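Written below as structure tokens is the structure these notes are about.
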Amino acid sequence: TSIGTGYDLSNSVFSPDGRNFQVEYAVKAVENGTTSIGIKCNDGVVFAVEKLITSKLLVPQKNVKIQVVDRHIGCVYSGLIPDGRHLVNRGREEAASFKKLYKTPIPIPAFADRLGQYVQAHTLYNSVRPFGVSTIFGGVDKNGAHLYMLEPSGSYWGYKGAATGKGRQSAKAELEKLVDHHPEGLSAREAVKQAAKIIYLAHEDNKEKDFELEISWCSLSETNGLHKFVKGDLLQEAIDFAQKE
Amino acid sequence: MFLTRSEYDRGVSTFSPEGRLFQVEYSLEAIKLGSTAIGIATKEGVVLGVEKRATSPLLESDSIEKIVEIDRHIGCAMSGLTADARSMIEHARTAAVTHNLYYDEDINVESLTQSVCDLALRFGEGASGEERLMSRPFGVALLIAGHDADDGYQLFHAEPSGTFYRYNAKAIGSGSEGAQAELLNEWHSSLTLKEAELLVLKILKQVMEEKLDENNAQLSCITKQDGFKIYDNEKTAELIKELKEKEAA
Amino acid sequence: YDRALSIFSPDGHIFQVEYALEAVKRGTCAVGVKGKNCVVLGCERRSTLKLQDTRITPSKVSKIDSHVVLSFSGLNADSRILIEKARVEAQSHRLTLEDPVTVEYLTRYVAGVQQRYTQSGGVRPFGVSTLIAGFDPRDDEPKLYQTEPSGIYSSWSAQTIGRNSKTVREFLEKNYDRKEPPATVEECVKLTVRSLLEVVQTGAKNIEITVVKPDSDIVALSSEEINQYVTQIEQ
Amino acid sequence: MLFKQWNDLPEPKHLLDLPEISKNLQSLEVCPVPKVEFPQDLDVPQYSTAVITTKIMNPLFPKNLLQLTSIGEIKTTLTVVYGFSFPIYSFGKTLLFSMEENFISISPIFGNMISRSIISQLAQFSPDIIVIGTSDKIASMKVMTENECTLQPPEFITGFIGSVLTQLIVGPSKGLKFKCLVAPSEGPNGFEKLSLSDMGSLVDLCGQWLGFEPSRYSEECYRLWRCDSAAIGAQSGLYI
Amino acid sequence: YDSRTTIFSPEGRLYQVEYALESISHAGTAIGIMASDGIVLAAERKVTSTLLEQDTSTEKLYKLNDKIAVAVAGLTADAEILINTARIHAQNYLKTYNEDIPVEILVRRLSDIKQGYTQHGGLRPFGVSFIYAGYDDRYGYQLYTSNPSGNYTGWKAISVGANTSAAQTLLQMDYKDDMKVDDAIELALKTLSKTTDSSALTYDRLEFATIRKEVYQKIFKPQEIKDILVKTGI
Amino acid sequence: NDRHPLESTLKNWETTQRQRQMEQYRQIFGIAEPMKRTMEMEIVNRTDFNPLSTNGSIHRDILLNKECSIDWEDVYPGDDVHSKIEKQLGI
Amino acid sequence: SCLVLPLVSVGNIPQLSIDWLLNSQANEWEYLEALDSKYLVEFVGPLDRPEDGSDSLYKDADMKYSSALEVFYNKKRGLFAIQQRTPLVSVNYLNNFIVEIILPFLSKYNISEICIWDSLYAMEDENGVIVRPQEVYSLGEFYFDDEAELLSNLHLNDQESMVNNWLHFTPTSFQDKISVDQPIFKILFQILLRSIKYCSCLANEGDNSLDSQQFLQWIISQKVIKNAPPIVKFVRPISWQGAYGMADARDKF
Amino acid sequence: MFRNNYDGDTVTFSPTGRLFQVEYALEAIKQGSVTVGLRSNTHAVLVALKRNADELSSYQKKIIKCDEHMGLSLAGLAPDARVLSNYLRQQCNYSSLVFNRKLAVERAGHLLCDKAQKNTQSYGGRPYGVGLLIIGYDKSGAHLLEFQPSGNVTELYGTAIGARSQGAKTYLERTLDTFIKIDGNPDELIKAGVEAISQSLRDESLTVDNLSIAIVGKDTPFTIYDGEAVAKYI
Amino acid sequence: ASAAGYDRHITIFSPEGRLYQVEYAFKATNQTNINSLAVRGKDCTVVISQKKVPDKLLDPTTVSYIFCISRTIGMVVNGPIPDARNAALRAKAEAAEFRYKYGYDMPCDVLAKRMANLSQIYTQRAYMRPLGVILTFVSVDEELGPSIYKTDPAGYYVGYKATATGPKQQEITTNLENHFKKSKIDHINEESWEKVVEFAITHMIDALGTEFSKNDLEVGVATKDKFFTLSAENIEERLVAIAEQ
């Protein structure tokens with residue numbers, strides 16, 4: 001059973017089958033969020049997210065879906081907006097604290113472990129609910145490009161490619177196929193186009209609604225290891241390539 | 001489709017569907033049980049009265065203060081569960097005396113009303129980030145009356161909801177629904193204080209559960225020279241007999 | 001709704017505090033009467049089993065100071081502790097200020113203590129309603145106040161609490177004329193004895209009496225058997 | 001808060017917190033049923049229609065606007081003693097029944113039996129019925145009639161007006177031509193509350209059925225609503 | 001209305017405290033009698049087995065201070081902490097005022113403690129009830145009894161625990177105020193013998209204490225308990 | 001000036017030491033670890049009320065890792081129960 | 001012929017199970033009549049249909065509203081099924097319900113057995129009815145022709161026991177006895193029709209949709225009533241789509 | 001139905017993956033009156049409709065200034081509105097003193113959304129039930145941040161929140177190409193804003209006593225119009 | 001059996017005496033479906049745990065349940081990785097604190113005892129769930145020699161000469177028992193950690209029953225010098241050695 005009545009109406013309760021159902025429901029909440037993907041490059045990572053333009057009123061430039069945790073870490077989340085923004089704030093604080101302490105950018109593994117610990121803590125006690133946001137974040141540091149995914153349960157792993165949100169199914173399949181075709185390690189310029197293609201192929205489940213995609217990438221060779229958005233000619237080239245369907 | 005027991009009725013931390021916060025709502029229900037209180041404001045003063053609600057003749061009708069003073073120019077009338085009102089009045093008096101001590105000047109009525117509603121707000125987070133002080137909102141609602149040179153005679157109603165309104169005329173407590181309806185029927189800007197107090201007696205008679213008498217009803221007035229002063233039993237009896245002389249027949 | 005202190009009933013009540021007040025009805029009857037210059041408190045002592053030691057802890061009516069008397073009905077255990085806190089406050093006031101506690105002040109403090117034990121759901125409210133009485137320091141006016149578990153308190157010319165309260169209160173309502181309250185101590189004591197006799201079918205052995213007088217004078221009687229007889233002669 | 005109180009299960013939700021008819025819940029015999037007394041001098045045929053409404057919506061009939069007069073009481077009793085009564089108002093050619101619905105004091109059995117008595121009394125005279133009430137399971141104001149339902153499957157009506165509609169649709173004297181209107185509500189029976197927009201729309205609509213002038217009717221209705229009526233409650237003051 | 005001890009029931013009664021009152025009724029009978037010249041405590045120990053070390057157990061009675069002794073019923077674990085607090089309070093009073101604690105003041109303190117745990121929701125009532133006995137210049141010998149509710153009462157002769165009603169009836173029938181310790185002992189032993197569920201109430205089942213005659217407080221070991229039981233000829 | 005020099009620092013040694021330890025842990029292990037540890041400490045202290053036994057909770061010793069250590073503050077440890085109830089609940 | 005009578009209980013599982021049964025066999029079930037809702041908290045709601053869009057259970061177009069309590073009928077199976085949408089006003093009237101409604105209906109249509117469904121909350125260990133808690137279902141049966149002596153003695157004398165053993169509960173069932181809950185009152189009243197069957201489910205509050213599905217699957221697995229298996233596809237009524245409101249089209253995901 | 005089993009508190013999710021308790025808080029905005037805001041390159045304007053309890057009472061303060069460069073309007077719960085407004089004013093003063101720097105509009109928006117979000121994670125505390133429009137002008141141009149109690153904050157050219165706000169939002173959607181270009185003419189911008197709110201009314205007409213307007217710009221410090229002042233804009 | 005009442009959520013005794021909450025917490029240890037092995041050598045200790053990803057896109061470099069806790073102590077966990085990481089970091093912090101407090105390197109015995117006691121708090125406190133993981137601490141104690149200690153959410157604390165954990169524990173433990181029985185010794189008695197690793201792989205294969213490549217397992221070895229997890233190439237070398245055998 002996916003529900004397990006009785007044992008699910010309170011956090012930090014083990015069901016007769018080992019599951020703690022509140023984390024399962026938090027995972028369920030992650031489904032409804034906007035699809036997001038992150039692709040690992042031989043020297044960087046590429047992020048793409050399908051921001052649905054809900055209404056004309058939103059100011060296009062300042063309304064951004066991809067949050068920057070630090071100069072060298074990009075982050076995108078799917079699920080509950082408040083939890084996502086709060087978690088991003090915690091990540092930014094951790095980056096600031098670590099940099100202030102050692103005066104060097106935090107390597108991605110330590111930051112990912114810290115955020116996984118933070119998320120996991122909320123699943124432990126009765127008075128707090130699990131974070132209902134699945135997050136993709138990564139960047140480049142002394143040890144090269146890294147791309148991590150952490151779940152509401154606090155579990156996380158290194159990923160050659162990750163996907164979330166409502167369109168997770170087809171996007172995940174297409175990303176599997178991409179990594180299968182190109183095990184050599186895609187370049188950032190190639191990964192931008194591939195991510196745009198994959199994210200458009202995820203739009204077929206919500207055809208009727210208008211959408212825009214923000215593409216940002218961090219690469220050792222391209223941007224000296226600084227996380228910078230894609231704007232102008234490169235993004236339009238990605239449009240044209242993916243428009244081939 | 002099945003009828004099931006609700007639970008949003010319990011606790012102040014739960015919103016009902018359509019976003020209604022009931023436990024504050026039922027708190028305002030408890031106000032209706034309290035003694036009727038009436039107030040009327042005019043450019044020449046403000047008057048207010050209260051049903052004493054003497055449960056038995058043995059109780060001392062002279063020693064149940066539903067009307068009290070907060071400062072020389074500022075007083076108030078209250079209704080509901082008087083226990084919380086005691087704390088509310090004590091806080092109001094403390095704030096007024098502290099303000100006068102610190103600034104050597106009279107407390108503006110609006111500032112006092114804001115301070116009182118801030119205490120009433122404490123069932124949740126305070127207006128300045130203070131932690132919650134109590135598990136439930138006050139079961140008390142009151143209307144403040146006073147005079148300020150920058151505002152003139154004015155009458156503020158304050159709920160337990162942390163909200164307050166300036167009122168030309170107001171009613172709370174038992175039967176205060178019809179009381180306020182009749183006030184809206186009767187009130188006009190040109191009322192003089194004599195007419196104001198006689199109208200208060202009239203509305204109290206209309207709403208009161210038994211015969212209107214000086215031993216169960218009492219009045220208060222705010223005047224620049226007089227400040228806050230409560231009418232004595234003889235004065236109230238004079239006003240009541242004047243009521244049956246003027247309005248009746 | 002009755003499950004906790006922190007939630008109003010839909011009609012505006014707080015059923016838990018009302019249940020506590022009802023529990024106050026469980027205890028024995030206690031009554032107080034304000035005379036012109038004296039205050040009389042009578043108490044229905046539970047019919048003593050012959051094995052009880054009469055010479056120790058006989059009185060429920062107890063002193064809070066040389067000029068204040070406290071009586072109660074309901075849960076005795078809570079009452080003792082409330083009395084202890086009242087005594088602590090009275091002496092603290094005598095220390096911090098030269099003048100002793102005004103009876104109004106003491107009853108306000110007891111009402112605050114009872115209310116404070118109702119502010120949070122973690123503590124049971126005291127199932128007691130005290131009947132503080134006395135004379136203000138150096139002032140001849142008798143004072144008599146009643147407190148309730150909710151913290152509501154009010155001054156009375158005469159009031160009853162405890163078991164079978166309604167019978168006594170109705171009797172006092174009929175027989176007490178505020179235009180001419182009983183002046184002399186004897187008349188007030190006779191009125192109190194008559195009031196309790198409407199509830200206590202047992203003889204005078206059950207009725208305790210305390211008389212408090214201005215200028216810090218408190219005395220407990222052991223001769224009301226004569227008063228009981230006189231009411232019998234009047235009956 | 002650092003922890004939720006472990007003891008808060010909370011209580012089950014299949015059963016409702018209704019008052020018990022008698023303290024002897026373990027009773028093992030036929031429980032008695034309330035009797036209903038209806039004033040027989042009413043002379044129904046003199047009225048062309050009837051309105052049945054729950055107390056929380058009296059403000060729709062302002063005495064300063066229509067000459068409401070009380071004809072008589074409907075009285076009920078239940079020996080086990082419980083007993084309650086409410087007035088039959090009247091205006092124009094219309095009867096008005098107000099129940100004083102209240103779950104804390106009144107067991108819904110009284111409401112259902114009263115509804116049955118009222119409708120079985122109105123059966124022979126065939127007056128037009130305009131039953132106006134409230135529900136806490138409806139997204140927005142609806143209008144209803146025996147040949148047309150405007151309720152989505154998950155939506156329904158409860159309480160006394162539930163009994164009235166039941167008697168009108170099924171059971172004895174069924175098939176009576178009636179018009180129904182239910183505004184969305186919140187909270188339990190008798191102590192319910194109504195939204196501002198829904199209340200205003202109800203005022204705009206209820207006037208048309210009663211034939212009163214929309215503007216002056218609306219002014220009087222707003223006057224009665226916002227003057228500390230129990231229906232509005234905290235709304236004006238809880239929300240800016 | 002019993003999951004929480006902080007909430008009254010609609011009948012204005014506490015079910016949690018009433019359950020505690022029920023609990024002590026299961027414990028072994030403890031009986032106390034005041035004589036004109038001394039106090040006598042007796043107690044039938046519920047726990048019994050041939051292997052139990054009667055010679056040193058003495059968990060049914062306790063000593064709080066010279067000339068003050070208590071018999072207990074209910075949970076021994078709950079009894080121990082209150083006994084310790086009572087000892088600390090008595091010795092603290094002696095240290096402060098340099099006089100022995102008048103037993104009434106001690107009983108007041110312990111009654112307040114037992115009430116207090118009925119107050120805070122996280123604390124259950126003490127499932128014990130004490131018979132206090134001691135001497136003081138205020139009133140001489142006097143017996144006090146305190147329940148989980150936190151109240152106390154003075155007595156000339158009282159019983160606590162299982163079948164308390166029968167023992168109370170026997171005492172009320174036989175008791176006199178002019179008795180002396182050596183006869184109050186016979187009365188108490190007779191009452192326990194006729195209240196017990198055992199056939200003969202051998203010395204093993206019985207724990208005993210007395211205060212008499214400045215004042216000597218003596219708790220009897222089983223040998224002299226048997227000697228006395230044969231002295232009264234049960 | 002009238003106090004013993006060691007008085008001010010030693011009075012609150014344990015709490016300041018714990019605060020410094022938590023600061024170091026936050027520096028090394030991120031915000032999560034101090035949050036977890038402080039919440040453990042507060043959820044143990046909040047739930048454990050027992051006025052008669054000043055001895056203190058066992059789990060408090062377990063969590064501070066002083067379950068096998070002794071300090072002079074341990075060897076040498078208005079007082080009514082109701083005063084303790086008031087103080088603990090802040091009521 | 002047989003009747004199935006769901007009882008309001010923890011999680012409303014009997015009612016949800018009856019919804020599953022009726023909606024999963026729309027080709028067979030049909031509306032017959034509404035019973036006297038005198039004792040129920042009155043209910044009025046629109047027509048309901050299986051989510052598949054098939055023909056509604058209320059076959060006749062004259063119907064425009066659904067009563068508080070109605071008896072559906074299955075001509076092929078010769079089976080009746082009550083769908084009770086609201087609980088009784090109070091347990092005080094639990095007796096009158098059976099006395100004045102259920103039994104007259106059974107005698108009206110010559111019902112041979114009444115297969116009552118019920119749910120039991122784990123907290124209700126009063127009188128220790130719950131035994132073998134490892135199991136989660138329970139079936140009990142009673143037969144008049146075999147227990148003629150039992151009913152012969154029961155209407156004459158009472159043992160005043162807090163628990164009773166009239167019903168024969170099958171092995172590997174989470175109860176062997178019934179103490180104070182609803183079955184005690186009615187079982188007496190159907191006793192003071194050849195047989196009675198009682199189906200019980202241990203349950204907890206929550207989204208009992210799947211729990212009710214499993215309960216119905218188990219009930220059909222047991223040979224309680226001669227019914228074809230709806231296992232091919234369970235179809236929820238269209239009304240359930242509103243169980244969690246209407247939409248989440250709001251800007252917080 | 002099943003919603004009633006999972007909406008009891010802010011912590012428990014539902015098997016559908018929703019969180020009903022904060023959904024109710026979001027829905028609470030619908031009870032409040034309409035309030036509208038719109039943006040122009042030089043000016044950003046607020047328009048709000050004040051509600052009063054009864055004809056005998058004064059009208060509520062729907063618009064609060066925080067500094068000469070920014071202020072906010074709100075709808076929904078009065079207590080939460082007061083709390084958030086006071087917190088934001090306190091933090092604006094704190095920024096202006098500690099840093100001698102005017103608090104940036106986006107900085108304030110995120111600083112307040114962080115506060116609003118934390119209450120949705122902990123039991124006991126409830127989500128705030130106040131939706132508010134923060135408006136201000138600073139070095140980075142004119143801004144208008146819609147706020148929702150669920151931590152969500154976004155910069156909009158214009159919007160309407162509160163009861164029947166969707167009509168004003170539709171009108172703003174239909175005039176976005178127009179009212180933005182009205183920069184440099186505050187009277188016309190205010191007229192457009194008022195014409196937006198007018199679509200939200202079903203019963204009452206805009207009047208000098210209920211309507212209230214606030215404007216801020218490079219040449220115009222945050223100013224509030226009310227009473228006879230707004231007559232020319234009606 | 002299903003829990004009765006308040007025990008359904010918090011750790012309090014049931015009428016049968018058992019703690020349903022802790023028993024459920026045990027089942028959660030099998031949630032990830034991993035199974036591990038631990039065996040002792042002459043002067044080294046080795047742990048083997050499966051590493052079935054299984055998803056193609058998930059980066060193999062970070063699917064690791066073998067956590068380095070200190071120079072001489074390593075540990076491998078069963079159950080969800082969030083709780084595993086929380087417990088591992090608690091172990092690391094306790095080890096460092098002990099090293100500072102008592103001045104000498106933290107023995108595995110005391111560390112596993114501390115973790116068991118910490119688990120014991122949750123085993124009786126009302127408001128905290130047990131971590132629901134099973135930990136196996138391995139080290140080369142400077143006085144006990146190679147040792148293995150196992151802790152479980154109930155707070156038990158037992159030393160093992162060889163251990164298996166996870167769903168398939170029964171076959172593995174029976175095989176180890178058979179090997180030791182026919183060998184009549186309490187350790188493998190190989191003078192190099194490579195041989196002990198090879199033995200562990202051999203007996204894992206002879207129980208799980210599946211031949212698997214370098215991707216499917218991770219190997220941790222504890223020596224007197226330091227504890228280290230083997231890289232992919234080292235596992236490949238060991239598997240090649242096994243195949244040659």
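To be explicit about the labels: the chains of the structure tokens are called A, B, and onward in the order shown, and within each one the residues are counted from 1, while ligands get numbers from 1 in the order they are shown.
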
Open item on the list: Using only C-alpha atoms, which protein or nucleic acid residues come within 10 Å of residue 42 (chain D)? Drop anything in the same chain fewer than 4 positions from it, and give the result as JSON, numbers by chain.
Closed with: {"D": [38, 46, 47, 71, 72, 88, 95]}

Using N, CA and C atoms, can you write the selected residues to a file as a PDB file, in the first residue's frame?
```pdb
ATOM      1  N   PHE D  38     -48.388  21.619  16.516  1.00  0.00           N
ATOM      2  CA  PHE D  38     -48.508  22.664  15.516  1.00  0.00           C
ATOM      3  C   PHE D  38     -49.768  23.476  15.768  1.00  0.00           C
ATOM      4  N   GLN D  46     -54.911  30.836   3.831  1.00  0.00           N
ATOM      5  CA  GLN D  46     -54.829  32.278   3.643  1.00  0.00           C
ATOM      6  C   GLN D  46     -53.466  32.729   3.128  1.00  0.00           C
ATOM      7  N   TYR D  47     -52.475  31.843   3.095  1.00  0.00           N
ATOM      8  CA  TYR D  47     -51.133  32.172   2.634  1.00  0.00           C
ATOM      9  C   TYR D  47     -50.856  31.478   1.308  1.00  0.00           C
ATOM     10  N   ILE D  71     -47.348  34.690  14.548  1.00  0.00           N
ATOM     11  CA  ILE D  71     -48.680  34.099  14.610  1.00  0.00           C
ATOM     12  C   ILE D  71     -48.786  33.128  15.777  1.00  0.00           C
ATOM     13  N   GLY D  72     -47.798  32.252  15.935  1.00  0.00           N
ATOM     14  CA  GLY D  72     -47.844  31.268  16.997  1.00  0.00           C
ATOM     15  C   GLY D  72     -46.603  30.405  17.094  1.00  0.00           C
ATOM     16  N   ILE D  88     -43.755  31.111  14.593  1.00  0.00           N
ATOM     17  CA  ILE D  88     -44.103  31.190  13.178  1.00  0.00           C
ATOM     18  C   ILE D  88     -44.355  32.656  12.846  1.00  0.00           C
ATOM     19  N   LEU D  95     -45.720  32.619   4.836  1.00  0.00           N
ATOM     20  CA  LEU D  95     -45.319  32.142   6.150  1.00  0.00           C
ATOM     21  C   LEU D  95     -43.801  32.038   6.225  1.00  0.00           C
TER      22      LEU D  95
END
```

With the cut-off set at 8 Å and counting only C-alpha atoms, tabulate each residue of chain I with an atom at most that distance from an atom of chain G, showing the nearest atom pair and its distance in Å to one decimal, ordered by chain and increasing number, as JSON lines.
```
{"residue": "I:1", "atom": "CA", "partner": "G:134", "partner_atom": "CA", "distance": 4.1}
{"residue": "I:2", "atom": "CA", "partner": "G:134", "partner_atom": "CA", "distance": 6.1}
{"residue": "I:4", "atom": "CA", "partner": "G:122", "partner_atom": "CA", "distance": 5.7}
{"residue": "I:5", "atom": "CA", "partner": "G:123", "partner_atom": "CA", "distance": 5.5}
```

Could you dump the residues just selected with N, CA, C and O atoms as a PDB file, in the first residue's frame?
```pdb
ATOM      1  N   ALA I   1       2.801  -7.980  14.638  1.00  0.00           N
ATOM      2  CA  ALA I   1       1.404  -7.567  14.654  1.00  0.00           C
ATOM      3  C   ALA I   1       1.294  -6.049  14.627  1.00  0.00           C
ATOM      4  O   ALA I   1       2.237  -5.345  14.986  1.00  0.00           O
ATOM      5  N   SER I   2       0.139  -5.548  14.198  1.00  0.00           N
ATOM      6  CA  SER I   2      -0.077  -4.109  14.155  1.00  0.00           C
ATOM      7  C   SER I   2      -0.083  -3.532  15.564  1.00  0.00           C
ATOM      8  O   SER I   2      -0.605  -4.142  16.501  1.00  0.00           O
ATOM      9  N   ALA I   4      -0.938  -1.336  18.857  1.00  0.00           N
ATOM     10  CA  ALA I   4      -2.239  -1.215  19.502  1.00  0.00           C
ATOM     11  C   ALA I   4      -2.716   0.231  19.593  1.00  0.00           C
ATOM     12  O   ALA I   4      -3.763   0.575  19.034  1.00  0.00           O
ATOM     13  N   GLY I   5      -1.964   1.086  20.281  1.00  0.00           N
ATOM     14  CA  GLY I   5      -2.411   2.438  20.542  1.00  0.00           C
ATOM     15  C   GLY I   5      -1.306   3.467  20.434  1.00  0.00           C
ATOM     16  O   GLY I   5      -0.600   3.518  19.423  1.00  0.00           O
TER      17      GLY I   5
END
```

Can you build me a table of chain F residues sitting at most 7 Å from chain E, with the closest atom pair per residue and its distance in Å to one decimal, using only C-alpha atoms, sorted by chain and residue number, as a Markdown table?
```
| residue | atom | partner | partner_atom | distance |
| --- | --- | --- | --- | --- |
| F:81 | CA | E:116 | CA | 6.2 |
| F:82 | CA | E:116 | CA | 6.3 |
| F:85 | CA | E:120 | CA | 6.9 |
```

Task: One-decimal distance in Å that lies between CA of residue 37 (chain B) and CA of residue 62 (chain H) - done: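 Atom-to-atom, CA of residue 62 (chain H) to CA of residue 37 (chain B), that is 28.6 Å.
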
TODO: Kindly provide, as a ChimeraX atom specification, the residues of chain D having any atom no farther than 10 Å from an atom of chain A, counting only C-alpha atoms.
DONE: /D:1-6,9-10

Go ahead and write the residues just picked, N, CA and C atoms, as a compact mmCIF listing (two decimals), in the first residue's frame.
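Wrote out-v6.txt, looks like this:
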```txt
# COMPACT_ATOMS: atom_id res chain seq x y z
N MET D 1 6.95 25.34 18.45
CA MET D 1 6.86 24.32 19.53
C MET D 1 7.82 23.17 19.25
N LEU D 2 8.53 22.73 20.29
CA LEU D 2 9.55 21.71 20.12
C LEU D 2 8.96 20.31 19.92
N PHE D 3 7.71 20.08 20.33
CA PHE D 3 7.10 18.78 20.15
C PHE D 3 5.59 18.91 20.23
N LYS D 4 4.90 18.13 19.40
CA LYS D 4 3.46 17.97 19.53
C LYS D 4 3.16 17.04 20.70
N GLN D 5 2.10 17.35 21.43
CA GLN D 5 1.70 16.49 22.54
C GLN D 5 1.36 15.11 22.01
N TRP D 6 2.11 14.10 22.46
CA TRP D 6 1.92 12.75 21.96
C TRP D 6 0.50 12.25 22.20
N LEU D 9 -4.24 12.28 19.63
CA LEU D 9 -4.29 11.26 18.59
C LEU D 9 -4.54 11.84 17.20
N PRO D 10 -5.61 12.62 16.95
CA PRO D 10 -6.72 13.00 17.82
C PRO D 10 -7.89 12.02 17.77
```

Task: Counting only C-alpha atoms, the residue of B:233, B:135, B:213, B:177 that sits nearest chain F - done: B:135

Open item on the list: I need the contact residues of chain G against chain A, so if you could list those with any atom within 6 Å, counting only C-alpha atoms, and return them as an MDAnalysis selection string, that would help.
Closed with: chainID G and resid 204:206 252:253

Open item on the list: I need the chain I residues near chain A as a ChimeraX atom specification; criterion: at most 9 Å, counting only C-alpha atoms.
Closed with: /I:1-3,8-10,20-31,56-63,80-83,85-86,127-132

Open item on the list: Let's see if you can do this: from backbone DSSP, list all strand (DSSP E or B) residues in region 28-227 of chain A, as a ChimeraX atom specification.
Closed with: /A:36-41,44-52,58,67-70,73-79,125,128,133-139,146-150,156-159,161-164,211-219

- [ ] Kindly give the distance, in Å, that separates CA of residue 130 (chain E) and CA of residue 72 (chain E), rounded to a single decimal.
- [x] 4.7 Å

With a distance cut-off of 6 Å and only C-alpha atoms, select the neighbouring residues of region 189-204 of chain A, excluding the residue or stretch itself and same-chain residues fewer than 6 positions from it, and output the selection as a tab-separated table (two decimals) with N, CA and C atoms, in the first residue's frame.
```tsv
chain	number	residue	atom	x	y	z
A	167	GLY	N	7.16	16.58	-15.34
A	167	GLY	CA	7.66	15.92	-16.53
A	167	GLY	C	8.86	15.04	-16.30
A	170	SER	N	9.48	11.40	-18.90
A	170	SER	CA	10.04	11.47	-20.25
A	170	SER	C	11.41	12.15	-20.24
A	171	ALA	N	11.58	13.18	-19.42
A	171	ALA	CA	12.87	13.84	-19.33
A	171	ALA	C	13.94	12.88	-18.84
A	238	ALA	N	20.29	27.54	-28.86
A	238	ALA	CA	19.68	26.40	-28.19
A	238	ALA	C	18.20	26.28	-28.57
A	242	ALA	N	16.80	22.87	-30.44
A	242	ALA	CA	15.75	22.07	-29.83
A	242	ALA	C	14.45	22.16	-30.62
```

Task: chain D contacts on chain H, only C-alpha atoms, 9 Å, as a ChimeraX atom specification - done: /H:1,4-5,29,31-33,50-55,60-62,74-79,81,122-125,130,163-164,202-203

Please tabulate, as CSV, the residues of chain C that come within 9 Å of chain B, each with its closest pair of atoms and the distance in Å to one decimal, counting only C-alpha atoms and ordering rows by chain, then residue number upward.
```
residue,atom,partner,partner_atom,distance
C:1,CA,B:10,CA,7.1
C:5,CA,B:135,CA,8.5
C:6,CA,B:136,CA,5.3
C:7,CA,B:11,CA,5.8
C:8,CA,B:26,CA,6.3
C:9,CA,B:26,CA,7.1
C:10,CA,B:26,CA,5.6
C:11,CA,B:29,CA,6.3
C:12,CA,B:30,CA,3.9
C:13,CA,B:30,CA,6.7
C:111,CA,B:83,CA,8.5
C:112,CA,B:83,CA,8.5
C:115,CA,B:83,CA,7.3
C:119,CA,B:134,CA,6.3
C:120,CA,B:135,CA,6.4
C:121,CA,B:135,CA,7.8
C:150,CA,B:83,CA,7.1
C:151,CA,B:83,CA,5.7
C:152,CA,B:83,CA,5.5
C:153,CA,B:83,CA,8.4
C:154,CA,B:64,CA,6.7
C:155,CA,B:60,CA,5.9
C:156,CA,B:59,CA,4.3
C:157,CA,B:58,CA,5.3
C:158,CA,B:58,CA,5.7
C:159,CA,B:58,CA,7.2
C:169,CA,B:58,CA,8.8
C:172,CA,B:58,CA,7.9
C:173,CA,B:58,CA,6.3
C:176,CA,B:58,CA,7.7
C:177,CA,B:58,CA,8.7
C:178,CA,B:58,CA,7.7
```
